[PDB]
Every structure is written in C-alpha cells, then in structure tokens.
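Enquirer: Okay, here's the structure, questions in a sec.
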Amino acid sequence: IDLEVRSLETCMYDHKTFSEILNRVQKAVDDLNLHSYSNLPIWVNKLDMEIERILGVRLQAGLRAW
Amino acid sequence: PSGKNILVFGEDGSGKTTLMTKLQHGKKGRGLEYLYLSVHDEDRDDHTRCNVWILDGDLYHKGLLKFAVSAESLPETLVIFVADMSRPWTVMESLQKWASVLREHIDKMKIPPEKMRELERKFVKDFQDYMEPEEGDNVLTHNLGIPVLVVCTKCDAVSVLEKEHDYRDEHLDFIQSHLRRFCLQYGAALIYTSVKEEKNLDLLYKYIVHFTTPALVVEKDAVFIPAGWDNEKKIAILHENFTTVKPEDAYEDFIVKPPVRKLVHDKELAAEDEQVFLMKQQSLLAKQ
Amino acid sequence: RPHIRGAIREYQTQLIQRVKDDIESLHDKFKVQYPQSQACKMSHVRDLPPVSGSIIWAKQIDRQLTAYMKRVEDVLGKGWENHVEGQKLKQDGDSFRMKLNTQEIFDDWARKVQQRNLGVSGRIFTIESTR
Amino acid sequence: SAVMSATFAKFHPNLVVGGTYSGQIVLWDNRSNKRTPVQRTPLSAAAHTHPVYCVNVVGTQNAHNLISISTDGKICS
Amino acid sequence: XXXXXXXXXXXXXXXXXXXXXXXXXXXXXXXXXXXXXXXXXXXXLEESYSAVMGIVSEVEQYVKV
C-alpha cells in the first residue's frame with residue numbers, strides 16, 4: 001500500500017497509471033475485507049484523506065506548470 | 001449587439017448540466033463551466049454572444065466570479081438562480097446563500113466603480129418601475145436591482161414528491177408564495193422548468209438582453225411568473241387556502257421531510273480498540 | 001492409497017492454479033455488486049423483484065464456490081486443509097461465504113415491506129376509491 | 001525457538017525442513033519471502049514436545065516421508 | 001487576444017485554494033446493497049484527476065468559439 005501511496009508523486013501526470021495504482025491498492029483492500037480486520041473503513045477514510053492531499057498537491061503542481 | 005453575459009448559479013446537479021443540455025457537455029466537477037450563447041438575433045442570428053457562467057459549490061469561487069464579472073460586464077448581467085424540486089428546502093435558504101454571495105460581490109467588486117452606484121441605483125429606480133407595466137404600486141423590495149432572475153428546475157417530480165410526502169396544497173402553495181415573494185423582493189421574477197419542458201427561458205432573456213409572452217400561475221404544476229405579475233395579496237390568498245397562514249417555522253416542515261429524513265449509509269460507530277498492559281494488570285487485580 | 005497418491009502433486013498444482021484463478025474471478029465478479037451487475041437488469045427483464053434477483057445472484061455464486069470446494073477436496077483427497085494450500089483456500093472460501101449470508105437483506109427489506117404493509121398491501125378498502 | 005536440527009527437503013526445491021528446541025517441526029519456504037516458517041508442527045502430544053536432533057526425509061519421489069525423532073523417544077512420519 | 005489572455009489568467013486563478021484543492025472530490029454512490037467491497041477508495045476521487053485535466057482544456061475550447 002505504502003509503496004503505492006509514497007509513489008503517488010512519482011508517475012508524473014498520467015491518469016492511467018494513477019488509476020492502476022488505486023486499483024492495486026484496493027485489491028489489497030478486499031484482501032483486508034475477507035479476513036475482516038476490525039475497523040477497516042475508518043482506516044480507509046484516513047488513507048483517502050492523505051491520498052487526496054498527495055493527489056491535489058501533484059495536481060496543483062502540474063496545474064501551474066500547465 | 002455587443003458582448004452579452006449570464007451568471008447562472010449551478011446548484012449540485014439539479015439538472016444544470018442538463019439545463020444547458022436541454023438548452024443546447026464535458027464534465028461538471030470544476031465549477032465556472034463557461035458556455036457561450038449565440039442564438040437568433042430576432043430575425044437571424046447575429047451571434048447574440050451571450051456568454052454563460054456556471055459555478056457550483058462554495059470553496060472561494062469569488063475570484064472566479066471576478067473572471068466572470070467585470071466593471072463593463074455589469075449591464076448585460078442576467079443572473080439566474082437555479083435550484084431543484086428534489087430538495088425544495090435547499091432552494092428556500094440556498095437561494096439566499098447564493099444571493100448573499102453576490103451581495104458580497106456587489107460590495108467587493110462594485111465598490112471601486114462608484115459611478116453605477118449613483119447611476120445604476122437611479123437606473124434601477126427607472127428599471128424596476130418598468131418591471132411591472134404592460135405585463136398581463138409598492139412592495140417591500142430589496143437593495144439588489146440590476147437584471148436579475150430566479151428560476152427553478154426539477155419540477156417534473158411533483159407527483160413523485162406527493163407520492164413521497166407532499167400531498168397537501170399547503171406544501172405547494174407555501175413554496176410558491178415564498179418563491180414569488182423572494183423574486184418580487186429581489187427585483188426579479190420566478191420561472192420554473194422541468195425534464196423535457198418549458199421553453200419559456202430564452203423568451204425573457206432575449207426579450208431582456210436585447211418575443212413577449214403571456215404569463216401562467218394557472219396550472220400550479222409548473223409556474224411562470226414574469227416580473228410585474230405580482231402584488232402582495234394574490235399570493236396572500238394563496239397561502240390562506242388552508243395553508244397555515246404565514247408560518248415562520250414551516251421552513252423546517254419541508255426542511256424536515258427529506259432533509260431530516262434519515263441517514264442510510266452512515267458509519268459513525270467508533271467500534272472497538274483495546275490495550276495490552278492495561279488488560280494484564282487489570283486481570284492481576286482480578287486475580288485476588 | 002498412499003502408494004498411488006504420491007505421484008500426482010504436479011497435476012494437483014496445475015488443477016489448484018485453475019481453481020485458484022476461478023475463485024479469484026469470483027472475488028472479482030462478486031466484488032462488482034448486484035445493483036451494478038448487468039445480470040440484475042437481465043433478471044429484471046425476466047421479472048423478479050430486485051431483492052430476489054440479488055439473493056439469487058448471491059446464492060448462485062455460493063453454489064459455484066461450493067462446487068469448487070468439492071472439486072478441491074476430490075482432487076486433494078479428504079485430508080485437504082491439512083495439505084499446505086487447502087488451509088488457505090478453506091479460510092478464503094469461508095470468509096467469502098460469510099460475505100454472502102444475505103439474510104440481513106431479507107430482514108431489513110422485510111422491515112421496509114412491513115412498513116409499507118402497515119397501510120398499503122391490503123388497499124381494497126375503497127374498491128372504487130374517490131379521486 | 002532454537003533450531004536444533006535442519007536440512008533440505010527431498011524433491012522440494014523451494015523448501016527447508018527444521019527441528020527445534022521446543023519440539024515443533026517447522027517448514028520454511030524461500031519463494032514466499034516470509035522469514036518465518038509457514039507450516040509449524042503443533043505442540044500436541046501426538047507431535048514432539050522435546051527437541052528433535054534428527055528430522056529427515058527418507059526415500060524418493062513416492063518413497064519419501066518426513067521422520068522426526070525427538071529426544072523424547074518418539075518417531076513420527 | 002486580451003480576452004484569450006484573460007482565459008489564460010482564468011486558468012492561472014486555479015491556485016485559489018493555494019496549493020491545496022481542499023474540496024477536490026466530486027461524486028457519491030448510492031445506499032447499502034450487498035457488498036464485500038466495504039471500503040472502496042472514493043467515488044469522488046479516481047475520476048477527479050482526469051476530470052480536472054480535461055475541464056482545463058474544456059474552458060479553452062468554449063472560449064475559442
């Protein structure tokens with residue numbers, strides 16, 4: 001998860017690759033769902049908030065450059 | 001005819017992308033989603049360059065309004081307030097939400113042009129005297145005066161709403177009294193529209209942004225109030241016919257049936273979490 | 001017979017990767033939901049309530065998984081979870097099965113139906129109702 | 001626990017068997033990249049509850065087993 | 001051409017939230033149905049980069065006509 005998360009500022013401005021990353025991450029999330037851990041959606045809320053920040057940050061950076 | 005402008009206030013779906021689609025779409029997630037109208041110039045189309053603007057949300061889109069409202073844009077500024085019928089309670093207040101945003105924008109962008117203060121207020125005193133004649137005294141109107149208009153959308157859901165919870169002429173009369181009331185105060189008019197209905201829109205804009213039409217408050221399943229088709233008594237009889245006469249809390253009535261419906265998908269649980277050392281010594285105290 | 005049973009592990013693993021991939025496909029397709037399943041639309045054209053078609057979907061998926069499980073144990077012998085992989089596939093099929101016990105849908109939906117039943121289901125009270 | 005004995009596995013080019021000090025028999029894998037054995041023998045009486053100094057595979061492809069012989073005095077295929 | 005520059009400056013106004021895009025999330029799914037995918041990322045998120053990257057060009061398209 002974290003290699004994807006920490007790699008969210010690596011593949012510069014490619015929506016396909018972004019999509020791919022997210023899909024992989026939630027594949028791991030269904031793995032988490034099956035052998036259900038305790039409060040999984042709560043931790044996902046956390047994730048998503050920081051993902052939004054890395055996203056919007058890469059966005060605004062590319063926004064200025066564009 | 002020069003560069004014309006329009007400032008519609010896109011409100012969370014409410015068929016706004018569909019409003020310009022029914023009028024004439026990439027995506028709607030950014031706001032300020034410009035559109036340009038260049039329609040028939042009363043005999044042909046002389047490119048009636050009526051630039052549209054559609055904001056949605058509230059996150060500091062003031063500077064975007066600067067990019068949509070200049071100092072010379074001011075005359076040809078047909079602001080259009082758009083709201084749905086799926087959530088009429090939103091409309092009731094959210095109209096004033098958008099309104100107050102523009103009230104700020106009046107005293108934030110028109111504060112340097114002081115010529116239309118002493119000019120446009122008198123021109124509005126001219127203008128709103130013309131709001132009423134040749135259509136078909138005094139009303140507690142507002143400070144906002146420039147070409148303004150309040151429209152509604154999502155109206156072909158009437159039977160769906162009475163199917164859910166309206167089924168009362170109070171619910172239908174009270175909203176229209178507040179709407180027509182809003183518009184007459186605001187120096188505007190009240191217009192409705194629906195899914196595959198009511199091409200009465202361009203009539204008033206083309207008619208105003210320079211073709212006239214006779215009004216309707218008759219059907220009451222779809223309403224068209226041009227400016228000056230008001231008083232403060234016809235509507236008073238309308239919210240009198242068993243409608244709880246002028247209730248100043250029933251905002252919660254229609255702002256209670258589907259907004260204070262419930263929350264289906266809600267996960268505020270704070271489910272569980274425990275300790276280690278704590279449990280261990282607590283069991284030590286439990287060892288006796 | 002252990003004598004026989006010894007020389008088949010290679011073929012066993014070939015079959016396990018087959019079973020593996022198909023249960024993985026079940027995770028995929030079931031991870032897409034019934035409302036967005038196109039099967040819901042076709043089933044709806046075949047005229048079922050969405051409640052029924054949803055649990056039919058669920059229950060059928062369950063039957064495919066159970067058929068796979070019996071395929072697994074017939075291939076891997078009855079000592080099957082004791083085997084290195086069988087324990088894993090057991091756990092996975094069990095949790096996947098726990099994410100398929102749809103009686104709650106009938107519960108909550110029966111409550112909504114009961115809520116509607118309070119004054120709608122027997123509305124013959126005005127055979128020719130005024131309007 | 002302390003591995004008291006270890007060796008490879010017969011016709012398992014990815015596995016490593018192992019004896020311990022506790023008595024459990026472990027089983028590591030290289031291709032999984034799990035620095036912990038994936039199949040640990042229980043500590044039941046049916047298993048070894050004493051260190052196994054000599055645990056070994058025996059025959060060929062179909063002639064094999066795994067015989068663990070702890071110091072307790074038990075053999076277990 | 002000054003109006004075209006005004007459109008370029010309109011795109012320059014995208015720094016409104018000052019390198020944050022705090023509200024950058026736009027979609028919401030339906031209610032509860034039957035799902036093992038209990039915690040998908042965000043119905044509002046996945047499409048937002050392509051959405052922004054496209055709407056940037058979209059405004060430029062509408063100004064051109």
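Here, A, B, ... name the chains of the structure tokens in the order displayed, residue numbers run from 1 inside each chain, and ligands are numbered from 1 in the same displayed order.
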Kindly assemble as JSON lines a list of the chain C residues that lie within 9 Å of chain A, each paired with its nearest atom pair and their distance in Å to one decimal, using only C-alpha atoms, sorted first by chain and then by ascending residue number.
Expert:
```
{"residue": "C:27", "atom": "CA", "partner": "A:30", "partner_atom": "CA", "distance": 8.7}
{"residue": "C:31", "atom": "CA", "partner": "A:30", "partner_atom": "CA", "distance": 8.3}
{"residue": "C:91", "atom": "CA", "partner": "A:35", "partner_atom": "CA", "distance": 8.0}
{"residue": "C:92", "atom": "CA", "partner": "A:34", "partner_atom": "CA", "distance": 7.0}
{"residue": "C:94", "atom": "CA", "partner": "A:34", "partner_atom": "CA", "distance": 8.8}
{"residue": "C:95", "atom": "CA", "partner": "A:34", "partner_atom": "CA", "distance": 5.3}
{"residue": "C:96", "atom": "CA", "partner": "A:34", "partner_atom": "CA", "distance": 6.1}
{"residue": "C:98", "atom": "CA", "partner": "A:34", "partner_atom": "CA", "distance": 8.5}
{"residue": "C:99", "atom": "CA", "partner": "A:34", "partner_atom": "CA", "distance": 7.6}
```
Enquirer: With the cut-off set at 8 Å and counting only C-alpha atoms, tabulate each residue of chain E with an atom at most that distance from an atom of chain B, showing the nearest atom pair and its distance in Å to one decimal, ordered by chain and increasing number, as JSON lines.
Expert:
```
{"residue": "E:6", "atom": "CA", "partner": "B:67", "partner_atom": "CA", "distance": 7.8}
{"residue": "E:10", "atom": "CA", "partner": "B:67", "partner_atom": "CA", "distance": 6.2}
{"residue": "E:13", "atom": "CA", "partner": "B:63", "partner_atom": "CA", "distance": 7.2}
{"residue": "E:16", "atom": "CA", "partner": "B:60", "partner_atom": "CA", "distance": 7.0}
{"residue": "E:17", "atom": "CA", "partner": "B:60", "partner_atom": "CA", "distance": 7.3}
{"residue": "E:23", "atom": "CA", "partner": "B:59", "partner_atom": "CA", "distance": 7.1}
{"residue": "E:26", "atom": "CA", "partner": "B:29", "partner_atom": "CA", "distance": 6.1}
{"residue": "E:31", "atom": "CA", "partner": "B:265", "partner_atom": "CA", "distance": 5.6}
{"residue": "E:32", "atom": "CA", "partner": "B:265", "partner_atom": "CA", "distance": 6.3}
{"residue": "E:48", "atom": "CA", "partner": "B:29", "partner_atom": "CA", "distance": 7.7}
{"residue": "E:51", "atom": "CA", "partner": "B:27", "partner_atom": "CA", "distance": 6.9}
{"residue": "E:52", "atom": "CA", "partner": "B:30", "partner_atom": "CA", "distance": 6.7}
{"residue": "E:55", "atom": "CA", "partner": "B:27", "partner_atom": "CA", "distance": 6.9}
{"residue": "E:58", "atom": "CA", "partner": "B:26", "partner_atom": "CA", "distance": 7.1}
{"residue": "E:59", "atom": "CA", "partner": "B:34", "partner_atom": "CA", "distance": 6.3}
{"residue": "E:62", "atom": "CA", "partner": "B:35", "partner_atom": "CA", "distance": 6.3}
{"residue": "E:63", "atom": "CA", "partner": "B:36", "partner_atom": "CA", "distance": 7.8}
{"residue": "E:65", "atom": "CA", "partner": "B:36", "partner_atom": "CA", "distance": 7.8}
```
Enquirer: Rounded to one decimal, what separation in Å do you get between atom CA of residue C:32 and atom CA of residue A:21?
Expert: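 Distance between the two atoms: 18.6 Å.
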Enquirer: May I have the residues of chain E within 10 Å of chain C, counting only C-alpha atoms, written as an mmCIF file with N, CA and C atoms, in the first residue's frame?
Expert:
```
data_model
loop_
_atom_site.group_PDB
_atom_site.id
_atom_site.type_symbol
_atom_site.label_atom_id
_atom_site.label_comp_id
_atom_site.auth_asym_id
_atom_site.auth_seq_id
_atom_site.Cartn_x
_atom_site.Cartn_y
_atom_site.Cartn_z
ATOM 1 N N UNK E 30 -24.614 5.256 -4.129
ATOM 2 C CA UNK E 30 -25.939 5.022 -3.573
ATOM 3 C C UNK E 30 -25.861 4.486 -2.149
ATOM 4 N N UNK E 32 -26.821 1.302 0.834
ATOM 5 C CA UNK E 32 -26.337 -0.053 1.063
ATOM 6 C C UNK E 32 -27.080 -1.086 0.228
ATOM 7 N N UNK E 33 -26.333 -1.987 -0.408
ATOM 8 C CA UNK E 33 -26.996 -3.030 -1.177
ATOM 9 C C UNK E 33 -26.631 -4.444 -0.737
ATOM 10 N N UNK E 34 -25.426 -4.903 -1.111
ATOM 11 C CA UNK E 34 -24.851 -6.209 -0.777
ATOM 12 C C UNK E 34 -23.397 -6.167 -1.172
ATOM 13 N N UNK E 35 -22.464 -5.900 -0.267
ATOM 14 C CA UNK E 35 -21.101 -5.809 -0.768
ATOM 15 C C UNK E 35 -20.012 -6.245 0.195
ATOM 16 N N UNK E 36 -19.026 -6.927 -0.376
ATOM 17 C CA UNK E 36 -17.836 -7.341 0.335
ATOM 18 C C UNK E 36 -16.763 -6.290 0.199
ATOM 19 N N UNK E 37 -16.919 -5.379 -0.760
ATOM 20 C CA UNK E 37 -16.000 -4.272 -1.007
ATOM 21 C C UNK E 37 -16.380 -3.073 -0.149
ATOM 22 N N UNK E 38 -16.512 -3.357 1.153
ATOM 23 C CA UNK E 38 -16.953 -2.439 2.203
ATOM 24 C C UNK E 38 -16.286 -1.080 2.231
#
```
Enquirer: With a distance cut-off of 9 Å and only C-alpha atoms, select the neighbouring residues of residue B:156, excluding the residue or stretch itself and same-chain residues fewer than 4 positions from it, and output the selection as a PyMOL selection string.
Expert: chain B and resi 85+160+193-197+221-222
Enquirer: Would you kindly return, as a ChimeraX atom specification, each protein, DNA or RNA residue with an atom no farther than 7 Å from any atom of residue A:57, considering only C-alpha atoms and excluding same-chain residues fewer than 4 positions away?
Expert: /A:53,61 /E:19-20
Enquirer: Between atom CA of residue A:50 and atom CA of residue B:55, what is the distance in Å, rounded to a tenth?
Expert: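 Computing the Euclidean distance for atom CA of residue A:50 and atom CA of residue B:55 yields 26.7 Å.
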Enquirer: Residues of chain B within 9 Å of chain A, using only C-alpha atoms, as a ChimeraX atom specification?
Expert: /B:267,270-273
Enquirer: Grab the residues selected above and save them as a PDB file, in the first residue's frame with C-alpha atoms.
Expert:
```pdb
ATOM      1  CA  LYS B 267     -20.777   4.570   9.706  1.00  0.00           C
ATOM      2  CA  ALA B 270     -16.193   4.110  16.886  1.00  0.00           C
ATOM      3  CA  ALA B 271     -16.458   0.309  17.021  1.00  0.00           C
ATOM      4  CA  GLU B 272     -13.595  -1.091  19.140  1.00  0.00           C
ATOM      5  CA  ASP B 273      -9.959  -0.837  20.270  1.00  0.00           C
TER       6      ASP B 273
END
```
Enquirer: Near stretch 62-64 of chain A, counting only C-alpha atoms, which residues have an atom at most 12 Å away, once you skip same-chain residues fewer than 4 positions from it, shown as a PyMOL selection string?
Expert: (chain A and resi 9+11-14+55-58) or (chain E and resi 8-16+18-21+49+52-57)
Enquirer: Kindly export the residues of the current selection with N, CA and C atoms, as a PDB file, in the first residue's frame.
Expert:
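Here's the written file part_35.pdb:
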```pdb
ATOM      1  N   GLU A   9       3.577  10.473  -6.008  1.00  0.00           N
ATOM      2  CA  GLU A   9       4.210  11.674  -6.525  1.00  0.00           C
ATOM      3  C   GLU A   9       5.298  11.308  -7.521  1.00  0.00           C
ATOM      4  N   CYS A  11       4.884   8.886 -10.756  1.00  0.00           N
ATOM      5  CA  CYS A  11       4.482   8.891 -12.162  1.00  0.00           C
ATOM      6  C   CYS A  11       3.812  10.206 -12.483  1.00  0.00           C
ATOM      7  N   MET A  12       4.603  11.150 -12.978  1.00  0.00           N
ATOM      8  CA  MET A  12       4.114  12.495 -13.229  1.00  0.00           C
ATOM      9  C   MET A  12       3.073  12.588 -14.341  1.00  0.00           C
ATOM     10  N   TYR A  13       1.880  13.005 -13.915  1.00  0.00           N
ATOM     11  CA  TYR A  13       0.691  13.363 -14.692  1.00  0.00           C
ATOM     12  C   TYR A  13       0.280  12.325 -15.745  1.00  0.00           C
ATOM     13  N   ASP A  14      -0.175  11.178 -15.249  1.00  0.00           N
ATOM     14  CA  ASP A  14      -0.658  10.095 -16.106  1.00  0.00           C
ATOM     15  C   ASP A  14      -1.828   9.461 -15.373  1.00  0.00           C
ATOM     16  N   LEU A  55      -2.710  13.765  -4.136  1.00  0.00           N
ATOM     17  CA  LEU A  55      -3.339  13.982  -5.429  1.00  0.00           C
ATOM     18  C   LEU A  55      -3.436  15.450  -5.767  1.00  0.00           C
ATOM     19  N   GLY A  56      -4.139  16.204  -4.915  1.00  0.00           N
ATOM     20  CA  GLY A  56      -4.329  17.622  -5.116  1.00  0.00           C
ATOM     21  C   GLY A  56      -3.027  18.368  -5.176  1.00  0.00           C
ATOM     22  N   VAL A  57      -2.023  17.902  -4.430  1.00  0.00           N
ATOM     23  CA  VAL A  57      -0.706  18.524  -4.463  1.00  0.00           C
ATOM     24  C   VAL A  57      -0.033  18.277  -5.809  1.00  0.00           C
ATOM     25  N   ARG A  58      -0.067  17.021  -6.299  1.00  0.00           N
ATOM     26  CA  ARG A  58       0.522  16.741  -7.605  1.00  0.00           C
ATOM     27  C   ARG A  58      -0.246  17.499  -8.671  1.00  0.00           C
TER      28      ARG A  58
ATOM     29  N   UNK E   8      -6.376  32.586 -20.090  1.00  0.00           N
ATOM     30  CA  UNK E   8      -5.147  32.003 -19.560  1.00  0.00           C
ATOM     31  C   UNK E   8      -4.990  32.383 -18.094  1.00  0.00           C
ATOM     32  N   UNK E   9      -5.349  33.622 -17.760  1.00  0.00           N
ATOM     33  CA  UNK E   9      -5.300  34.073 -16.378  1.00  0.00           C
ATOM     34  C   UNK E   9      -6.416  33.424 -15.569  1.00  0.00           C
ATOM     35  N   UNK E  10      -7.519  33.046 -16.230  1.00  0.00           N
ATOM     36  CA  UNK E  10      -8.601  32.347 -15.547  1.00  0.00           C
ATOM     37  C   UNK E  10      -8.106  30.974 -15.127  1.00  0.00           C
ATOM     38  N   UNK E  11      -7.268  30.370 -15.973  1.00  0.00           N
ATOM     39  CA  UNK E  11      -6.641  29.106 -15.618  1.00  0.00           C
ATOM     40  C   UNK E  11      -5.556  29.347 -14.573  1.00  0.00           C
ATOM     41  N   UNK E  12      -4.977  30.555 -14.561  1.00  0.00           N
ATOM     42  CA  UNK E  12      -3.979  30.903 -13.555  1.00  0.00           C
ATOM     43  C   UNK E  12      -4.638  31.109 -12.199  1.00  0.00           C
ATOM     44  N   UNK E  13      -5.942  31.403 -12.195  1.00  0.00           N
ATOM     45  CA  UNK E  13      -6.708  31.572 -10.970  1.00  0.00           C
ATOM     46  C   UNK E  13      -6.959  30.251 -10.260  1.00  0.00           C
ATOM     47  N   UNK E  14      -6.573  29.112 -10.870  1.00  0.00           N
ATOM     48  CA  UNK E  14      -6.749  27.779 -10.284  1.00  0.00           C
ATOM     49  C   UNK E  14      -6.010  27.607  -8.966  1.00  0.00           C
ATOM     50  N   UNK E  15      -5.056  28.496  -8.650  1.00  0.00           N
ATOM     51  CA  UNK E  15      -4.318  28.497  -7.395  1.00  0.00           C
ATOM     52  C   UNK E  15      -5.109  29.169  -6.270  1.00  0.00           C
ATOM     53  N   UNK E  16      -6.437  29.258  -6.450  1.00  0.00           N
ATOM     54  CA  UNK E  16      -7.361  29.871  -5.499  1.00  0.00           C
ATOM     55  C   UNK E  16      -7.250  29.251  -4.113  1.00  0.00           C
ATOM     56  N   UNK E  18      -4.775  27.813  -2.949  1.00  0.00           N
ATOM     57  CA  UNK E  18      -3.360  27.954  -2.581  1.00  0.00           C
ATOM     58  C   UNK E  18      -2.677  26.607  -2.315  1.00  0.00           C
ATOM     59  N   UNK E  19      -2.468  25.880  -3.419  1.00  0.00           N
ATOM     60  CA  UNK E  19      -1.775  24.586  -3.464  1.00  0.00           C
ATOM     61  C   UNK E  19      -2.425  23.511  -2.605  1.00  0.00           C
ATOM     62  N   UNK E  20      -3.737  23.560  -2.424  1.00  0.00           N
ATOM     63  CA  UNK E  20      -4.352  22.537  -1.596  1.00  0.00           C
ATOM     64  C   UNK E  20      -5.428  21.736  -2.303  1.00  0.00           C
ATOM     65  N   UNK E  21      -6.400  22.423  -2.925  1.00  0.00           N
ATOM     66  CA  UNK E  21      -7.573  21.811  -3.547  1.00  0.00           C
ATOM     67  C   UNK E  21      -8.256  20.965  -2.477  1.00  0.00           C
ATOM     68  N   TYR E  49      -8.755  13.469 -11.250  1.00  0.00           N
ATOM     69  CA  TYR E  49      -7.586  13.989 -11.957  1.00  0.00           C
ATOM     70  C   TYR E  49      -7.884  14.163 -13.437  1.00  0.00           C
ATOM     71  N   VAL E  52     -10.243  17.169 -13.901  1.00  0.00           N
ATOM     72  CA  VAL E  52      -9.596  18.481 -13.849  1.00  0.00           C
ATOM     73  C   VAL E  52      -8.741  18.713 -15.093  1.00  0.00           C
ATOM     74  N   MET E  53      -7.900  17.723 -15.428  1.00  0.00           N
ATOM     75  CA  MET E  53      -7.016  17.769 -16.586  1.00  0.00           C
ATOM     76  C   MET E  53      -7.785  17.999 -17.875  1.00  0.00           C
ATOM     77  N   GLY E  54      -9.019  17.517 -17.942  1.00  0.00           N
ATOM     78  CA  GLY E  54      -9.848  17.719 -19.106  1.00  0.00           C
ATOM     79  C   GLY E  54     -10.600  19.041 -19.084  1.00  0.00           C
ATOM     80  N   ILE E  55     -11.238  19.404 -17.952  1.00  0.00           N
ATOM     81  CA  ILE E  55     -12.005  20.649 -17.857  1.00  0.00           C
ATOM     82  C   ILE E  55     -11.103  21.857 -18.103  1.00  0.00           C
ATOM     83  N   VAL E  56      -9.799  21.731 -17.780  1.00  0.00           N
ATOM     84  CA  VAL E  56      -8.850  22.804 -18.074  1.00  0.00           C
ATOM     85  C   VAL E  56      -8.858  23.089 -19.565  1.00  0.00           C
ATOM     86  N   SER E  57      -8.777  22.034 -20.370  1.00  0.00           N
ATOM     87  CA  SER E  57      -8.832  22.197 -21.813  1.00  0.00           C
ATOM     88  C   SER E  57     -10.236  22.560 -22.285  1.00  0.00           C
TER      89      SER E  57
END
```
Enquirer: Show which residues sit within 10 Å of stretch 114-126 of chain B, as a list in words. Count only C-alpha atoms, and ignore same-chain residues fewer than 5 positions away.
Expert: residues 71, 74, 75, 131, 143, 144, 145, 146, 147 and 187 of chain B
Enquirer: Restricting the output to C-alpha atoms, write the selected residues as a compact mmCIF listing (two decimals), in the first residue's frame.
Expert:
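Full text of result-v4.txt as output:
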```
# COMPACT_ATOMS: atom_id res chain seq x y z
CA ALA B 71 -16.76 46.53 -14.49
CA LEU B 74 -22.39 44.91 -15.32
CA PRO B 75 -25.30 45.94 -17.69
CA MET B 131 -40.62 45.75 -14.02
CA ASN B 143 -31.44 46.54 -2.44
CA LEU B 144 -30.46 44.22 -5.26
CA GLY B 145 -31.52 45.70 -8.54
CA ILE B 146 -29.85 45.00 -11.89
CA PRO B 147 -31.34 42.47 -14.41
CA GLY B 187 -36.42 42.84 -8.12
```
Enquirer: Within 10 Å of chain C, which residues of chain D show up when using only C-alpha atoms, listed as a list in words?
Expert: residues 38, 39, 61, 62, 63 and 64 of chain D
Enquirer: Please produce a file of the residues just selected, as a compact mmCIF listing (two decimals), in the first residue's frame, where the atoms kept are N, CA, C and O atoms.
Expert:
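This went into part36.txt:
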```
# COMPACT_ATOMS: atom_id res chain seq x y z
N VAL D 38 6.15 -21.51 7.37
CA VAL D 38 4.74 -21.45 7.05
C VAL D 38 3.95 -22.64 7.53
O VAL D 38 2.72 -22.60 7.48
N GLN D 39 4.60 -23.69 7.97
CA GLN D 39 3.83 -24.84 8.42
C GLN D 39 4.57 -25.40 9.62
O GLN D 39 5.56 -26.12 9.48
N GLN D 61 10.82 -39.82 -4.66
CA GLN D 61 9.61 -39.15 -5.12
C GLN D 61 8.32 -39.69 -4.52
O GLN D 61 7.49 -38.93 -4.03
N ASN D 62 8.15 -41.01 -4.54
CA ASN D 62 6.97 -41.62 -3.95
C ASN D 62 7.36 -42.42 -2.72
O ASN D 62 6.49 -42.76 -1.91
N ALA D 63 8.63 -42.69 -2.55
CA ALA D 63 9.11 -43.44 -1.41
C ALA D 63 9.47 -42.56 -0.22
O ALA D 63 10.08 -43.06 0.72
N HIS D 64 9.11 -41.29 -0.23
CA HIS D 64 9.51 -40.46 0.89
C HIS D 64 8.41 -40.31 1.93
O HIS D 64 7.27 -40.74 1.77
```
Enquirer: Using atom CA of residue B:11 and atom CA of residue B:204 as the two end points, give the distance in Å to one decimal.
Expert: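 Interatomic distance, atom CA of residue B:11 to atom CA of residue B:204: 21.4 Å.
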Enquirer: Identify, on the basis of only C-alpha atoms, every residue whose closest approach to residue D:59 does not exceed 12 Å; exclude the query and any residue fewer than 5 positions from it along the same chain; express the result as a list in words.
Expert: residues 6 of chain C; 9, 10, 11, 64, 65, 66 and 67 of chain D
Enquirer: Just the selected residues (C-alpha atoms), exported as a short mmCIF file (atom, residue, chain, number, x, y, z; two decimals), in the first residue's frame, please.
Expert:
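Everything below was put into selection-v9.cif:
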```cif
data_model
loop_
_atom_site.label_atom_id
_atom_site.label_comp_id
_atom_site.auth_asym_id
_atom_site.auth_seq_id
_atom_site.Cartn_x
_atom_site.Cartn_y
_atom_site.Cartn_z
CA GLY C 6 2.36 -40.00 -4.11
CA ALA D 9 13.66 -31.32 1.68
CA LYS D 10 13.58 -34.24 -0.72
CA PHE D 11 12.29 -33.07 -4.13
CA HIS D 64 9.51 -40.46 0.89
CA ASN D 65 8.08 -39.23 4.18
CA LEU D 66 9.45 -36.98 6.90
CA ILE D 67 10.57 -38.72 10.07
#
```
Enquirer: How would you write, as an MDAnalysis selection string, the set of residues in chain A that DSSP gives as helix (DSSP H, G or I)?
Expert: chainID A and resid 2:5 15:34 40:65
